[PDB]
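# Survey of secondary and tertiary structure
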Amino acid sequence: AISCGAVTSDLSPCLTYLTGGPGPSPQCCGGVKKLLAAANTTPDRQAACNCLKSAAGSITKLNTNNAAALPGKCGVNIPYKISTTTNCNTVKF
(Lines give C-alpha, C1' and ligand atoms only; values in the text may rest on other atoms or scores of the structure.)
Protein backbone atom coordinates (compact mmCIF):
# COMPACT_ATOMS: atom_id res chain seq x y z
CA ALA A 1 0.00 0.00 0.00
CA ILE A 2 1.55 3.26 -1.20
CA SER A 3 1.32 5.91 1.51
CA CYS A 4 3.59 8.85 0.69
CA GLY A 5 6.98 8.37 2.33
CA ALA A 6 7.93 5.87 -0.37
CA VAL A 7 6.84 8.33 -3.06
CA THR A 8 8.89 11.22 -1.69
CA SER A 9 11.91 8.91 -1.67
CA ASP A 10 12.14 8.64 -5.46
CA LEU A 11 10.97 12.25 -5.76
CA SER A 12 14.11 13.52 -4.03
CA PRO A 13 16.46 12.20 -6.74
CA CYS A 14 13.85 12.95 -9.41
CA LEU A 15 13.67 16.58 -8.27
CA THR A 16 17.09 17.47 -9.67
CA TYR A 17 15.81 16.37 -13.08
CA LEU A 18 12.24 17.60 -12.61
CA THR A 19 13.78 21.02 -11.94
CA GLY A 20 15.60 21.10 -15.26
CA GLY A 21 18.93 19.72 -14.11
CA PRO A 22 20.88 16.74 -15.48
CA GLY A 23 19.02 13.46 -15.82
CA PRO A 24 17.06 11.46 -15.54
CA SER A 25 19.47 10.22 -12.87
CA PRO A 26 20.00 6.48 -12.22
CA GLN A 27 18.63 6.57 -8.67
CA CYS A 28 15.54 8.43 -9.88
CA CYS A 29 14.68 5.90 -12.58
CA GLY A 30 14.89 3.02 -10.12
CA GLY A 31 12.52 4.72 -7.72
CA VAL A 32 10.11 5.78 -10.46
CA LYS A 33 9.57 2.25 -11.77
CA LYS A 34 9.13 1.27 -8.12
CA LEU A 35 6.21 3.64 -7.56
CA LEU A 36 4.45 2.32 -10.67
CA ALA A 37 5.41 -1.29 -9.98
CA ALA A 38 4.24 -1.03 -6.37
CA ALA A 39 0.84 0.09 -7.65
CA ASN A 40 -0.60 -2.56 -9.97
CA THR A 41 -4.23 -1.88 -9.05
CA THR A 42 -6.16 1.39 -9.12
CA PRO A 43 -6.39 2.02 -5.36
CA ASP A 44 -2.61 1.89 -4.99
CA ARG A 45 -2.03 4.04 -8.07
CA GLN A 46 -4.51 6.54 -6.62
CA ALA A 47 -2.63 7.08 -3.36
CA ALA A 48 0.73 7.53 -5.07
CA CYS A 49 -0.67 9.73 -7.85
CA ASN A 50 -2.03 11.99 -5.11
CA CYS A 51 1.37 12.29 -3.45
CA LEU A 52 3.08 12.78 -6.82
CA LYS A 53 0.64 15.30 -8.30
CA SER A 54 0.97 17.36 -5.11
CA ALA A 55 4.73 16.84 -5.06
CA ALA A 56 5.33 18.37 -8.49
CA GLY A 57 3.07 21.22 -7.43
CA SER A 58 6.07 22.64 -5.60
CA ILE A 59 8.15 22.70 -8.79
CA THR A 60 9.16 26.18 -9.93
CA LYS A 61 7.86 26.48 -13.49
CA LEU A 62 7.12 22.77 -13.91
CA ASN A 63 7.89 21.49 -17.41
CA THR A 64 5.23 19.11 -18.72
CA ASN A 65 7.69 18.10 -21.45
CA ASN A 66 10.41 17.24 -18.94
CA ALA A 67 7.97 15.39 -16.68
CA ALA A 68 7.03 13.11 -19.57
CA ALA A 69 10.68 12.70 -20.56
CA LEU A 70 11.54 11.38 -17.10
CA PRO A 71 9.56 8.14 -17.54
CA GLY A 72 10.20 7.97 -21.27
CA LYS A 73 13.97 8.16 -20.95
CA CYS A 74 13.81 5.93 -17.87
CA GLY A 75 12.29 3.20 -20.02
CA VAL A 76 9.09 3.33 -17.98
CA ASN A 77 6.18 5.18 -19.58
CA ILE A 78 2.75 5.44 -17.95
CA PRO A 79 -0.77 5.41 -19.45
CA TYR A 80 -1.32 8.83 -17.86
CA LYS A 81 0.49 12.17 -17.80
CA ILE A 82 1.96 14.19 -14.93
CA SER A 83 0.74 17.66 -13.97
CA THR A 84 -1.08 19.68 -11.30
CA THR A 85 -4.10 19.56 -13.60
CA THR A 86 -4.08 15.78 -14.03
CA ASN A 87 -6.59 13.39 -12.49
CA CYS A 88 -5.43 9.81 -11.92
CA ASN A 89 -8.86 8.95 -10.53
CA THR A 90 -10.21 9.31 -14.07
CA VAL A 91 -7.80 6.66 -15.34
CA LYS A 92 -9.52 3.67 -16.93
CA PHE A 93 -7.70 0.44 -16.07
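Residues numbered from 1 in each chain as written, not as in the entry; some residues may be left out. Heavy atoms only, no water.

Now for the overall build of the protein chain. Looking only at helices and strands, the protein chain features four helices and zero strands. Reading the helices (α) and strands (β) of the protein chain from amino to carboxyl end gives α-α-α-α. In terms of overall dimensions, the protein chain is globule-like: its C-alpha atoms have a radius of gyration of 12 Å, near the 12 Å expected for 93 residues. Principal-axis analysis of the C-alpha atoms places the extent of the protein chain at approximately 30 × 25 × 25 Å. Each of the 93 residues in the protein chain was classed as buried or not, and the buried ones make up 38%. Taking as baseline every contact in the protein chain between residues at least 6 positions apart, the subset at least 24 positions apart corresponds to 71%. Total accessible area on the protein chain is roughly 5,600 Å²; 54% of this is exposed by carbon and sulfur atoms. (Helix = DSSP H or I, 4+ residues; strand = E, 2+ residues; numbered from the N terminus. Rg over C-alpha atoms; globule rule 2.2 N^0.38 Å. Buried < 20%, exposed > 50% of the residue type's maximum accessible area, 1.4 Å probe, protein only. Contact = heavy atoms within 4.5 Å. Areas by Shrake-Rupley, 256 points an atom, 1.4 Å probe, with all protein chains shown as cover.)

Bringing the packing of helix α1 (residues 5-18) against helix α2 (residues 26-37) into the picture now. Two numbers describe how α1 lies on α2: the axes approach to 8 Å, and their chain directions differ by 150 degrees. Here α1 lies roughly antiparallel to α2, going by the angle between them. Every pair of crossing elements has a handedness; the one defined by α1 and α2 is left-handed. Taken together, the residues of α2 that come into contact with α1 (itself represented by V7, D10, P13 and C14) are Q27, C28, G31, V32 and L35. The residue makeup of the contact of α1 with α2, split by class, is six nonpolar, two polar and one charged. (Axes fitted to C-alpha atoms, helices over the stretch in contact; angles between N-to-C directions. Parallel < 35°, antiparallel > 145°, perpendicular 65-115°, else oblique. Left-handed = near helix turned anticlockwise from the far one by under 90°. Nonpolar A, V, L, I, M, F, W, Y, C, P; charged D, E, K, R; others polar.)

A few words now on the environment of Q46. Looking at the element boundaries, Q46 is found in helix α3 (residues 42-56). Each C-alpha atom, one on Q46 and one on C88, is 6.3 Å from the other, the two residues being 42 residues apart in sequence. Ignoring anything within four residues of it in the chain, the contact list for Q46 reads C88 and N89.

This brings us to the side chain of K53. Mapping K53 onto the fold places it in helix α3. One buried charged side chain, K53, makes no salt bridge at all; its nearest oppositely charged neighbour is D10, positioned 14 Å away. Those residues within four positions of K53 in sequence are excluded, and the remaining contacts are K81, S83, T84, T86 and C88. (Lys, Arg positive; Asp, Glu negative; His and termini not counted. Salt bridge = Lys/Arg side-chain N within 4 Å of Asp/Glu carboxyl O.)

Before going further, it helps to examine the UniProt feature "disulfide bond" in the protein chain. At 2.0 Å between sulfur atoms, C4 and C51 form the disulfide that UniProt records. With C4 in the segment before α1 and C51 in helix α3, this pair connects stretches of sequence that are 47 residues apart. Note on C4: relative accessible area 32%, which makes it partly exposed. Inspection of the UniProt-annotated bridge between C49 and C88 gives a sulfur distance of 2.1 Å, within the under-2.5 Å criterion for a formed disulfide. (Disulfide = S-S within 2.5 Å. UniProt positions renumbered as here; feature names shortened; annotations may be inferred.)

On to the packing of α1 against helix α4 (residues 64-73). Taken N-terminus to C-terminus, the directions of α1 and α4 make an angle of 120 degrees; their axes are 10 Å apart at the nearest point. Looking at the two axes, α1 sits oblique to α4. Handedness of the crossing formed by α1 with α4: right-handed. Residues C14, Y17 and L18 of α1 form the contact with α4, whose participating residues are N66, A67, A69, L70 and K73. Tallied by class, the residues present in the contact of α1 with α4 amount to six nonpolar, one polar and one charged.

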